[PDB]
Each structure stands twice: as structure tokens, then as C-alpha cells.
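Engineer: let me start by giving you these chains from the complex, positioned as in the assembled structure:
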Amino acid sequence: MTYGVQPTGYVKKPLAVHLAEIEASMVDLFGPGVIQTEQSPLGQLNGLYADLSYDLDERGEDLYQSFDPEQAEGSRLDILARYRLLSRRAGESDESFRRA
Amino acid sequence: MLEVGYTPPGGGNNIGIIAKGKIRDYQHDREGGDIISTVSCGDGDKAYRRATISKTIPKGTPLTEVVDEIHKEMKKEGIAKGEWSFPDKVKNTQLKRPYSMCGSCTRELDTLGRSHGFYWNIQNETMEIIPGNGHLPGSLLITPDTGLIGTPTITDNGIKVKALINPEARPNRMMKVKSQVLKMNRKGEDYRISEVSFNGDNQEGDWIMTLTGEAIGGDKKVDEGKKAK
Amino acid sequence: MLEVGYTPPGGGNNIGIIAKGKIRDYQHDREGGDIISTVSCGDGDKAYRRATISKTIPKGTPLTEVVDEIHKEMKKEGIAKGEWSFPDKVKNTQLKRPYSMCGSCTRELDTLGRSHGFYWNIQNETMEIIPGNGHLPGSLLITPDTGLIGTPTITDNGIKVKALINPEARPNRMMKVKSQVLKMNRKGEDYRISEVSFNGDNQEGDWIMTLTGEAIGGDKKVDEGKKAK
Amino acid sequence: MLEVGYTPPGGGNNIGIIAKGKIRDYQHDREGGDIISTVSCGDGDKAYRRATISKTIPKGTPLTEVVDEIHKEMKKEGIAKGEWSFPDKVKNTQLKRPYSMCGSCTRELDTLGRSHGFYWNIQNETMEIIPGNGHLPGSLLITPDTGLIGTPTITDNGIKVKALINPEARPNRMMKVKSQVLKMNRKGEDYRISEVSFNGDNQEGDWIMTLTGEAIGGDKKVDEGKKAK
Amino acid sequence: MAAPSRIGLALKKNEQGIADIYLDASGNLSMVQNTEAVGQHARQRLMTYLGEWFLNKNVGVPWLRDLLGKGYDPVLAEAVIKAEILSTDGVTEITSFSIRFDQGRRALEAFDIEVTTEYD
Amino acid sequence: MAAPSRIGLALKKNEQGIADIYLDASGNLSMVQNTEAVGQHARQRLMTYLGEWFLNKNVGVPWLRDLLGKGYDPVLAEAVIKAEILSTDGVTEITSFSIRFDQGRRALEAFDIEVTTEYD
Amino acid sequence: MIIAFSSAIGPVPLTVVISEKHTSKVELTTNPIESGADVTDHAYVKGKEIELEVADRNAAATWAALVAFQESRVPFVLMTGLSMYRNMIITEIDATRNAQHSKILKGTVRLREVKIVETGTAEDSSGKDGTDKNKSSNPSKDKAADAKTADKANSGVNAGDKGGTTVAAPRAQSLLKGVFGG
Amino acid sequence: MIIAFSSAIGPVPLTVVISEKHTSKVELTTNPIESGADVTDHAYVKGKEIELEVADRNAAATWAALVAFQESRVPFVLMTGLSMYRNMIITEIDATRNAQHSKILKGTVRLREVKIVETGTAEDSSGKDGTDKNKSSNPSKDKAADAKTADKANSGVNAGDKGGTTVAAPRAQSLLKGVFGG
Amino acid sequence: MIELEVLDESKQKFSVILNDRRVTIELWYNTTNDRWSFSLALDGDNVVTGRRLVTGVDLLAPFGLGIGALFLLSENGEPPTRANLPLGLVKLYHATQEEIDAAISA
């Protein structure tokens, strides 16, 4: 696949693509004559879906990154540090802890 | 094929071929919003790039049978035979030693011309050959009563004459040029045709052609011009 | 370094390098009393002159290690390494005898290109290599809604598109061109980039760039155009 | 002979030869009804074509007697001797091995220049020789009080100065240029003369000349510019 | 070149006067067709306020910038309404238009508006 | 593209009415922020005489060249003061401006000046 | 039947609008022989032009305000009695102060409509085309109605080849100690 | 409402200003189609133009003063009744004597705003850029306020290769012995 | 070492010559976690995609791309934010391997 989890990492999908895919899918169902403009109810549904799915796409990227010590931040970084025996010193920032 | 000529309300047709084209390169163009399609074509373009010959040739062979031989290869590439008029020195020459041919046909065509000075050319898929100092039969009149614009321009050897494109004018033919200028300019009437230029438009720019000729002398020979080694 | 781009009252910065210059020649000029300094610069121009290599090569060596070795000498003269995408016939070929190298790097660079028809070039002190029928990753959209001036001009192989200078456009990349004309001209969307032209001004002559692209076929290869021996 | 100059109502005559002509090619022209006779001439043009030498030359012979020898043949074709100023390395060199000469004089004149880095030229049927970094005696002033038009335009090495044609300006001489701009350009005053350009008319286009000079350094040597092998 | 067919979700006004999605008698979702679809799309376009849609602030009608205020003007009202109706795809012409203003209610009333679509 | 934050040294007028740097109740050197910063900056711009600064003789107001003299003139004074205030970074508009002249004191008085910055 | 507008160019109001002058050009193009047979693609609509003749009570103040708004160069909506006009730029302002009118602003303003939606290089080819009239327009930073949605819909701005500013030797060496020595 | 100025171009005073003409130009640029999409960098503000019609009692003296001031080619602040203008240069002075007006000066003066702040080939770059509006501008000799400060602040002038002047042989021998002989 | 300028745009891309390789970097802001991310392509080939921009560590260490170190710095170790990264309160730096060796040896 071209988006999502890939060997090089998480290929995040743009919002314009999120919207274009859903519009094309609706054309596949209702024919090229279906009305999806911003004002119509289908355009309302498409815009909202595009944005919710971009948000979910971004949360997927965050979850993917949070499995790496050099990219986790805070309690997740602590979870991954307990594989190497580092316990966040009281008041130690995430920069100093990631360094450690 | 590019047909040019005149089609008056009376008269008839004067339209002939002035260039038979194998497309060179094309490209559209806006000017405002227009779309002008700019063509460049090919003349012998099949033979300038895909004509290659195959020849052992023996001693004793005359000096024209293998012009036929080379035209065989350029005929494989769709070239017609024009008029061939070799120098008299050429027509009678024979051989002592054999004649490599391996590689580019046009290349060693040119080395022919420089070897002893004859012209060869391709004129609308047709190959003509003339001597350096000679020309081919065929004459065309150019006068203020027969298509002359401006002066008949005088040059070192011959003339440069403008006229209305009107299709007979071929390279390696003769022009008889008359005017009220040439007389006091003491210049002949008969010239060979060496350079041909066609510039024209359908709407605005008249059909215009310009011909450069190197003058024929008293001995029925062209004033070659001093060839510099 | 010549940085060009757009700096709108809102927005931000679009400015990037369109040419990194090693000064070629400069000269001042009056028009009235003005003083215009006409600069010409150099692109890999230290390599086109002072780069000379030193090379024995043994048998059996793969077919890229000595692109690296030549880049060693070009890098002595300050050139960077770009993307090298060799032909498949190249990537897998091996050897039988030794490979003379004495004289001019650019000389026998060109003979490389002629030896199997791959392109190599220098792009702002960076060296890229592509196959004759190939291109490099990277795409650019050109539409009446994304910076198109006029029609996408159609040509035999591909297109010639004008746009506002806006700095991504680099040779050996891909442009996806859309319009209301190309559809009835049935011409595709993806083209390689082969020629780049930048012309513009600060006051009057806006930024214009023109890109020549040779179309990509269905098979993901460029329409090379009939190379002539 | 093409004699140019100024003939003021008082004063006297400033007319001198700016180009001595061996006719190259002439051609009349109508514009309306006019007849403009467009001449092209020849500069040493008998020597550029018909000068061929014959030389066995032995060892031990100094390195200038045979500039005299080549000038013998170039003098058979009506060329005069100018000033010869060789490089010091040249003036003192002798010989180990013999010195072929068969073919064309100008051709191996050029190889002369490329081989010891010196200039030779023909200036109105007179042949001069200078070093690459040197010049010949003779100075000429160009100032807003002495015929200066605009800038003493500054360049990489020297200058390019426009002025009223006034005949002395020859290649391989020195020009002292003054203005109100060169001072803040910190550019010197003495420059060799390398390029000479004459454009003028009798009615409207005033006599204008443009001189390109490469600056002389503090060492009395010309700023050659980087010669690229 | 016959007019392409169009389709969209149908909106019908409920008992509160608010246009809502509807399921027809058979119970399957109701879709409007070529001409009714264009009419309803024109209504949905007229009912939008300029700058309201966060993905495209250039769509909508400039009601609050032009007409709603202290400036009753029939000419600009006619212009705004006719432009928005005409820009709807599938609409060819407007053949009639009337506008009047009720000062008591401060109601701007455009009525007797006849629209001809590409389906004739 | 929000308005960037600005900060500068605070100046408060002392018992003689001259503006000087101040220490707030905490005792640390007081700094002004986004909009009061632009206001105080406009004051320091208005109070500077043209050609006064040795590093840049182009900053300052031409108080002495244009207004201070024998030529009471409201349009010119208004133009000069507005130019100086509007050229201040962060100022977008001047909504009001009144000006008068007391001949007895020879006092030129500009009041009722409302300035709108990019912080709204 | 006029719009009954307010007599103000952009933010700067005017006391009198003396005359409005509208122009709407189409440029046609033609070659030598009539070239047609289902080709009408060759006709270009030019930007509209407006010429106002205006006057104002506050001469100097209005001249200054008009000059400042002109030098801003920000397209704006223009209200005329005959139409609205979006994205206008004041290409010219002229004023005359003579005996007939010495204490007022009395001059002319020329405005041309702008033309755009084309920059390109920073803009990519990933999804929709936007030409389809039955679909929404492509989400782009410019036409988003909020800063957050602008960030979400920013297709991307691609500066060309960049050169990094070098770091002074001691600062750089200290920073390298801080990072790669700790 | 007008500025109520002193009625003179530059230093040379005039008796009457008969008419002012003010012009401010903004050049837009447009390619054959509308190319936009976050691009309005294509608009240039031209230098302002002024055309005064003036008359003076001392015809010959005022004409001579005007011509001399024009030929100094020194930019100056022009006070008009509609705006103040910095850096104006007189491009044309025209004067007519005829039956109607023979013993006074009567004519037209044309002035134009000057563009500037770019030479470079004699200036260098070492530190700050100058485009930051929260910082002071770069100190330079042009904008220093005193001779000493200009000496301190001079960025330094750098024009190309010099050619020294050769010395006469005997003077050179005397000088070289004077220094390098002891 | 060098500093890599960052524009005030939620998504930006540039190209730089790092150890004489064409390195195309694409930075994009993820609002949901309010953090910056980078993809790195070497000579047109995407080698790193969707990595988090974090201060105080070498971002390219895991990959062995041979193009030096690319790291962020801030005065008090703040993390890179939508506002803070373009303003220059967090700076992006590229350090060459030789420079790193020299500092480590010094």
C-alpha cells in the first residue's frame, strides 16, 4: 500500500486525498451524476468524514511513533525505557530522559 | 506535400508542389488563445539518415554505373531519379584501382562533390546532378510584365530576383530576367538557379519567392566563383 | 546562488535556488546613465575545466564503481552526488579487458552517453544520471488552478508548458499537466522534464518558467524520440 | 581603402584609413526604389587563402628568423610587416630537432599561437605580433573632454569604451581612459586594445567606435584572463 | 449533447418547517432526480451563508454583508439572488422575478421566480 | 496568521512627568506586552526629533522642521502625527483624531486619537 | 436601476463619485484562413476595468489614505452603482488642485480586476482535480475558514534548494559537546 | 483641507503656483491566462509624478535659478498643498513668453520621485540583513549623523582592480635611495 | 554545522546538499499530538517517513544513511511546537560526521 504503516514508516494521508477518495467512492455507488457539493447533504457528510479520518490518520501516526524510545514522550517513554532500566528521575524532562 | 499557387476568379489553377514533406517536428502555439501548428518537414530525410550502401566495385568500371548503384540504395529509401549531367571529364573517365564503400551515403556523396566538383541535390524526393559550371535545360521568364518585384538585384556573379511564388522555379534551371534596370546595369538575361527561397502567407503576406542565380557566360557556362581550397 | 520565489503580503516564503553560480563574466552598462551589471555564472564549471582523473581499471569490475571513481575527481572540484538511475543493461554488465582513462573527464563522459545512451548532467553543483528512456522520482502539478499560463503546448513526444517560476521545477523529474485543452488533444498528464527555462523580472516581466517534457508511455518509459546514428 | 574622419568647417582634416579593403562580396538592394551597394572586403585575405610556404629548416636556428621566413611567403601575397614583440622566453630559444612546414600558412600560424601563447594579426594589410600578456607602444586618450560616450564601461579584466570614430584606434595599443565614474570604480587608466569596432553613418548615425581593452597591471603586463586548456 | 442526469439526497420540510432527509413510502432512502435535484440543490445553495463552511469559505451567499441590515434595496437583492440561482449547475435561465418589501415585518420577499434548467 | 507577540521595556512617568524604566511590585524589571508594548513604542516614536540619533539621521519626527514655528496648521500637523503613529509596527488604523490650538499658550493639542493594532 | 452603493473605495470613504466607467473586453484571435470546424476555444475574457472620478472634502487626508491603500496592493471588493467587483487593484490615482477646485480632492481612480488561482510548484498532484462541478473544491490552506483547518488542509509549501546558515566555530563546537558528548 | 505650504520648488521661491497635478502608478502584470493561487508578488509601485504650473515676477532671475537647481540634480523635499514628497528631481522645466505673458515667468515644472538603497558592487555583507522591523537598521556612512560617526560606520567602499601610476625615472631613483639606501 | 531554516507553514519541503547528497526533507505538523514530523528522501528515494522531531537526539542515527547528524536544540529543552519551531526558539541543525568526531575528541 502507499499510505499507512510502510517499511519506511507511517505514510500519512493528506486531507485532500481523504476527501477525494470518499467522493470517488460515492460516485462509484451513485454514478457520476450524484451531487456532492459543499452545500448538499452528501457534501456535508463527505467533508465531515474527510476531517474525522484525517484526525484518525494523525492519531495512527502518533501511536506508531510512540513505540520508539527516540520518539516517545513521557509515560510512553517510561514504558519503553523499562526495557533498558531507566526510570525517569523526579523532575527530569523528556529531553534529559531520552538522552539517558 | 505543400501545394502553392494562384486561383483567380477567372483564369484557372496555378497550384503546384513547392515542397514535398516528410515531417520533421511539429508543435502548437498560443498567441492570445490561438493554436498555430508549426510544421518542419523532410526532403530526402529518409535518405539522409537511413540510406546505407554495400559495395565492392572492380577496376575498369565506368564513372556513372555506380551513381546508378548508389541511387539503388537511396531508392530503397524512396528517392526518385532526376536529371544527371556530369562533367565531360567525368563522363569519359575509367579506373585503375578498387573503390571502398562502407558507411554514410550522404557523407561520401559530399566527398564526391569535393573530389572533383559536381553538385548533387534532392528536390522533392528527386535527385538531380549537375556540374559546378553547368545547369540543366528549362527556362523561366521574370520581368515587370511577368512577375518582377523591385529591382533585379545585381551580385558579383549573377542576380537575386524576387517575384510572386509561382511554381516552376526549381534549382539547377535557367531564369531569363528583364527589367528597366538591368539594361543600364549591363547584366545578361540568362542565369542558373542555385538558391530558392519561398516565403508566403494566405491572408497578408503575398506569395513571395527569391531566386539567386550565378550568371551564365558567353560560353554557355556558369560563372562559378573562385573555389577556395 | 540565485534565489527566486514569491513573497506575498500574507502567505509566507516560496523562495528557492534556481541556479547556483560560479561567475562566468560580468560587465556594466549605461542606458542613459544607468549601470546594469550583466552576470553570467558557472554550473559545475569548475568540473568542466579543472577535473581530470587518474585511472587504471581491472577486469571484472561492476558497472557503477567507476562512476563513483569519476565522481571522486569531480568532487575534488566541488560537485555533489545526485540520483543515479542506471539502465538495467548497465546495472548487470561485467567486463573482459582494461578501461583506459587519460585526459578530459567531460570528454569521455559524453562518450559514455553515446556508448549506451544514458543522460548525465549537473544541476546546481549536483550530478544526476538517468537512462535515455527513464526519469527520476518527484512530481509537480501544473494546472490552470496550479500555475498554468496559456495552453499546455503539445509536441511530438510531449509538451512545452509555461508557468510562473516557482522553484521545484528541476530537470529529470515528472510533471502532471492538466487543462481544458489537453483533453481534446488526448495528451496524457505525466511527462518527464528535460528542458528548463527561467525568464523573469522584479518589476515588469513576471516570473515565467517554461518546461519541455517528453511524454511517459503506458509502460512508464519516456518517448525517447528516434535517435539517429 | 575605407577612409573615415571629421572635416569641420574650420579646423582641418581628421580623415584616416580605418579598414583597407580587398573586396569580399557586393550586392545591390532596393528599398522603395533605392540602390544600396553592400560591400564586404578582405583583410590580409590574399594571405588567408593563397599564401603557402616551402620549408626545410635546420637545427640551431633562432626562433625569429623564420617569422621572417613565413613573412616572405605572406609578403608574396602583398602583406606588410608591423611591429613584432615576442615573449622573452621566445626571443632566446634554440633548437634540438627539425621543423616541418608543408600545407597552409594561416593554419600553422594558429598552431604557433596556441603553442607559445602569443598573438599575431593582420591590421590593414600589415601583420603585427605581440605576447599574450604584452602590448605595443602607442597611447591614446579617451575622456569626456576627449571623445567619451557614457561609461568607460567596466569589465572583468579591463573596459569597453565607446567614442567618436577618430582614426588612430588600432588593436595592440594602449588607451588611457578618464571619467567621473572610473574613480569610484577604482579602475585604472591604461588598457591594452584587443577588440576594435567601427559603426557609423554620414547623415544620422554618428561616427561611433567601441574599444575593448584588457587592463594592464602594475607590472606593465596585461590581465590575460584564465586560458582554459 | 443531452443534459447529464443528476441525483442527490432529497430534503423535505418536516412539521417544524425544517428540511430534512426523508425515506419514501417503500421505506428506502428517497433521492431526487434530474430537475427536482437541481431545484433542491439551488435551495441548498441559497440557504448557505458566506464563509460558514470551514473547508471552503468562498461558498455561500453574502446575506449578512449585503442585504441584512439598514439598507433595503431591490436591485442588489435581485442581483444576489439571481446570481446564486444561476451559478447552480443545471440551471439555464430565470424567466421571471418579483421582489417586494414588507416594512411592518421587515421582510424581503422574492417571489414569482421561474427557473429553466437544462432538462427543459 | 496571528499577530506575533511583542515585548519591550516598560516606561512609566515619574513624579516629574518624565518617562523612566520601572520596577513592579515583585521588584523585577517590568516589561510591556503585545498591545501596551506597541502603544509605548508609538510614544517613543512620537517623542523623537528628526536627525537626533547619531547612528541613523532618518528616524524621528520633523517637529522642528514642519510644525514648531509661526505657522499653526491643523492639516499638516494631523498628517505628520498620523504618519508617525501609523508607521509604528503593530498599528493598523487610526479611527479618530481631533486637533486644536490655544493661541494664549500657543499650544497645539491633538486628542481623541484612537489607535487599533493588529491585536484588535 | 442602480445598486445604491455607499461611495467608498476599499476602506477609504469618498464624499462624491462623479462618474463610473466600466469596460469588459474579450480578445479574439484569428489566423490567415478561417480555421474552425468545432473550434471556439480561442477567445479570452480580459480582466474588467473601472474608472471612477471622485472628490472629497478632506483633500490631503483622503489623498494620503488613498495612496497608502494603493501601495498596500491588497485586492478588495468594489461597490459600484452598476455591479459589485471582487479582487480589484487600484492601478492609478490622479489628483489636480487648480483654481476651479483648490481646497478639495478632485481626481480619478483606475482599478483593474486581478486574475489568479495559479502559483503551482509548492502545489502537488495527489488526488482530485477540482474541475468537476458536482464535487466539492479541493481543500487548500487559502480557502480554509480557520487557522486550524488551514493547518490541516495545507497541501504544502516547497521551498527550492536551500543552503543552511553556518554556525560559528566556537558556538558550533559547544553545541556538539552538548548534544553528542552528553 | 490642504497643507497650506510656502509655494516653492526646492529652495528657489516662486510667486504663484497655478495648478498641481499628482499621479501615483501601480503596475500590475498578467500572463495570457489568470495565474494566481497565493501570488500577489506581481505588482510594482512606481515613483510618484508631479506637474506644477507656476509663474514668477522676476522672469530671468527665476528661470536661471530653476535651471541651476535642475542641473544640480540633487533630490529634495517638495512641499505641495496636497502632500509632502521626499526625494523629488526636476525632469522638465518649460517656459513660454508670448503676447499674453511676456514680462513674467510662466511655465510648467515636472518632478519625479527617485528610487534607491541598492548599489552593492561597492558594498559588502558581514552581519545583519536589515529587514527586521524590531531592530535598528544597519549603520552606514549615508545614514550617519556626524562626520566622526560616518567614519566609524563606513561599511567600506570596494571597487575593482586599480592601476597604480608610474613614476618618472629620476624622481623614482631619488625616492628609492631616500628610503632603501639607509 | 549548519542551521536549516523552518517556514511558518504546517507543511513544508526543501532540499539540501548534505555530505554531497541531495536530501529532500518534508516537515509536517500533526495537530492531534501537536508535534512536528519529518520524512527524508535521498536523491528521490524515500528512506525515512513520518519520524517525530524531538530535541536533544540525533534523528537519523537508526538508519545509517551516511548523511551526518540532524538534530534539534532549544535553550531550556522545550519541545518543538507549531509556534515554537518556526520562530527559532527551537533550531534544526545538521552536523557533519567529522565535526562530531572533532567535538567528541575535544
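Structural biologist: Received it, and whenever you're ready, just let me know what you need. Numbering: from 1, shown residues only, chains lettered A, B, ... in the order given.
Engineer: contact partners for the residue most central in space within chain A?
Structural biologist: In chain A, the C-alpha closest to the average C-alpha coordinate belongs to residue A:58, at a distance of 2.0 Å (CA atoms, centre = their mean). Residues touching residue A:58, when contacts are defined by CB atoms under 8 Å, 6 or more residues apart in numbering or on different chains, comprise A:12, I:30-33. The way it works is simple: take the backbone N, C-alpha and C, and place the C-beta from them, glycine included.
Engineer: helix/strand/coil for it?
Structural biologist: Of the three states, residue A:58 takes helix according to DSSP: H, G, I helix; E, B strand; the rest coil.
Engineer: so how far is chain H from it?
Structural biologist: With distances defined as CB to the nearest CB, to the nearest Å, the gap from residue A:58 to chain H amounts to 24 Å.
Engineer: now that residue: how far from chain E?
Structural biologist: Summarising the geometry, the distance separating residue A:58 from chain E, computed by CB to the nearest CB, is 17 Å.
Engineer: contacting residues for the residue lying closest to residue E:5 once chain neighbours are set aside?
Structural biologist: If the residues on either side of it in the chain are set aside, residue E:5 comes closest to residue A:33, at 4.7 Å by CB to CB, 6 or more residues apart in numbering or on different chains. With contacts defined as CB under 8 Å, 6+ apart, residue A:33 is in contact with E:4-7, G:134.
Engineer: so who does the most centrally placed residue in chain G touch?
Structural biologist: When chain G is reduced to its mean C-alpha position, the closest residue under CA atoms, centre = their mean turns out to be residue G:75, at 3.5 Å. Residues touching residue G:75, when contacts are defined by CB under 8 Å, 6+ apart, comprise G:86-89, G:114, H:40.
Engineer: can you tell me which of those residues is closest to chain I?
Structural biologist: residue H:40 (17.3 Å; CB to the nearest CB).
Engineer: count of neighbours near the nearest residue to the closest one once chain neighbours are set aside?
Structural biologist: Leaving aside its sequence neighbours, residue H:40 sits nearest to residue C:8 (CB to CB, 6+ apart; 5.2 Å). Taking other CB atoms under 10 Å in any protein chain shown as the neighbour definition, residue C:8 ends up with a count of 15.
Engineer: which of the three states applies to residue C:8?
Structural biologist: Here residue C:8 is coil, with the state taken from three-state DSSP.
Engineer: can you check residue E:96 too?
Structural biologist: With three-state DSSP as the basis, residue E:96 sits in strand.
Engineer: so who does residue 59 touch?
Structural biologist: No chain specified, so I'll use chain A. By CB under 8 Å, 6+ apart, the contact list for residue A:59 reads I:32-33.
Engineer: look at chain I instead
Structural biologist: Listed by CB under 8 Å, 6+ apart, the contact set of residue I:59 reads A:70, I:38, I:51, I:53, I:69-72.
Engineer: then add chain J to what we have above:
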Amino acid sequence: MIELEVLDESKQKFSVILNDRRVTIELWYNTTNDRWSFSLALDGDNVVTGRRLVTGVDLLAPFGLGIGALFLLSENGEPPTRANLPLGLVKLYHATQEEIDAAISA
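Structural biologist: So that you can see how it sits with the rest, here is chain J on the chains above:
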């Protein structure tokens, strides 16, 4: 594989590059049966003429032209009519023998 656009005209003719060969395809609508036919020329010689466009099969299998497979598809097997083929309710695709082999192996 590549999708091929169809214009909304009864007769049309385009050129494409398939397996490194230039192929000229003409599409002509027959009104009597409400169907389409295609002619195909390789390097200028018409090698196929008057072939109905049918769904779900390789239209070039009989010919061994070496340019892969050209076929039609739809959502639910609707036949390609006058209006259905331009509108994209039925679509024309080309795939290579390599892709076909690899997909069958899957």
C-alpha cells in the same frame, strides 16, 4: 495496469504505448446494435478491425500481438452502451502479461 479514457463521441482514435510499442486504437460506435467496435494498428498497419467491445474478457487473445491484454469491466456486468462507456460506468483497462501472471499466481 492502466485505465484508458473514452471521450463522449461515436468515433474516436488515440495512441498509447503498450509493452514498448506504439498502438493506435480507434473506437467506433455501431448504432444498429448499440455497441462499440475497436480497430487496432501496430506501427501503422491495421492488424485488427471491427471487433465488438465486450466485458470481462481479453479482447486480443486470438491475435498474439504481444501487447498484453485489453479488456472491459463494470460494477455489475452492465454492457457497454453509447452512454455507459464515456461516463465510466464501464471502463477500458490494459494490463501486461507479467501483471496478469503475477496476479493469477496470487
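Engineer: again for the contacts of residue A:58, chain J present now?
Structural biologist: For residue A:58, the contacting residues are A:12, I:30-33, taking CB under 8 Å, 6+ apart as the criterion.
Engineer: kindly report the same for residue G:113.
Structural biologist: Residues touching residue G:113, when contacts are defined by CB under 8 Å, 6+ apart, comprise G:47-49, G:85-89.
Engineer: beta partners for it?
Structural biologist: In this entry, residue G:113 is beta-bridged to residue G:88, by DSSP bridges.
Engineer: centre-most residue in chain E?
Structural biologist: By CA atoms, centre = their mean, the mean C-alpha position of chain E lies nearest to residue E:43, the distance being 2.4 Å.
Engineer: distance from the helix or strand containing that one to the middle of the chain?
Structural biologist: Assigned by DSSP states H and E, residue E:43 belongs to helix E:34-46. In this view, helix E:34-46 has its centroid 6 Å away from the chain centroid, taken as CA atoms, centre = their mean, to the nearest Å.
Engineer: who touches it?
Structural biologist: A:35, A:37, A:39-41, E:3, E:5-8, E:10-11, E:19, E:31-32, E:61, E:81, E:84-85, E:87-91, E:115, E:117, E:119.
Engineer: now, the residues you listed that are in strands?
Structural biologist: Counting by DSSP state E, the members of the contacts of helix E:34-46 that fall within strands are E:8, E:11, E:19, E:31-32, E:91, E:115, E:117.
Engineer: what's the closest of these to residue D:71?
Structural biologist: Minimum separation from residue D:71 among the ones in strands among the contacts of helix E:34-46 (CB to CB) is found for residue E:91, which lies at 92.6 Å.
Engineer: is the closest one in contact with residue E:115, as I believe?
Structural biologist: Yes. Between residue E:91 and residue E:115 there is a contact at 5.7 Å, judged by CB atoms under 8 Å.
Engineer: quick one, what contacts residue 84?
Structural biologist: Answering for chain A, as no chain was given. Under the criterion of CB under 8 Å, 6+ apart, the contact partners of residue A:84 comprise residue A:69.
Engineer: chain G was what I was after
Structural biologist: E:79, G:3, G:77-78.
Engineer: beta-bridge partners for it, please?
Structural biologist: Judged by DSSP bridges, the bridge partners of residue G:84 are residue G:79.
Engineer: just checking, residue G:133 touches residue E:91?
Structural biologist: No. Checked against CB under 8 Å, the pair residue G:133 and residue E:91 is beyond contact range at 11.6 Å.
Engineer: which of these two has more neighbours?
Structural biologist: residue E:91 (18 against 11).
Engineer: picking that back up, overlap in contacts, residue E:91 and residue E:115.
Structural biologist: Both residue E:91 and residue E:115 are contacted by E:42, E:85, under the criterion CB under 8 Å, 6+ apart.
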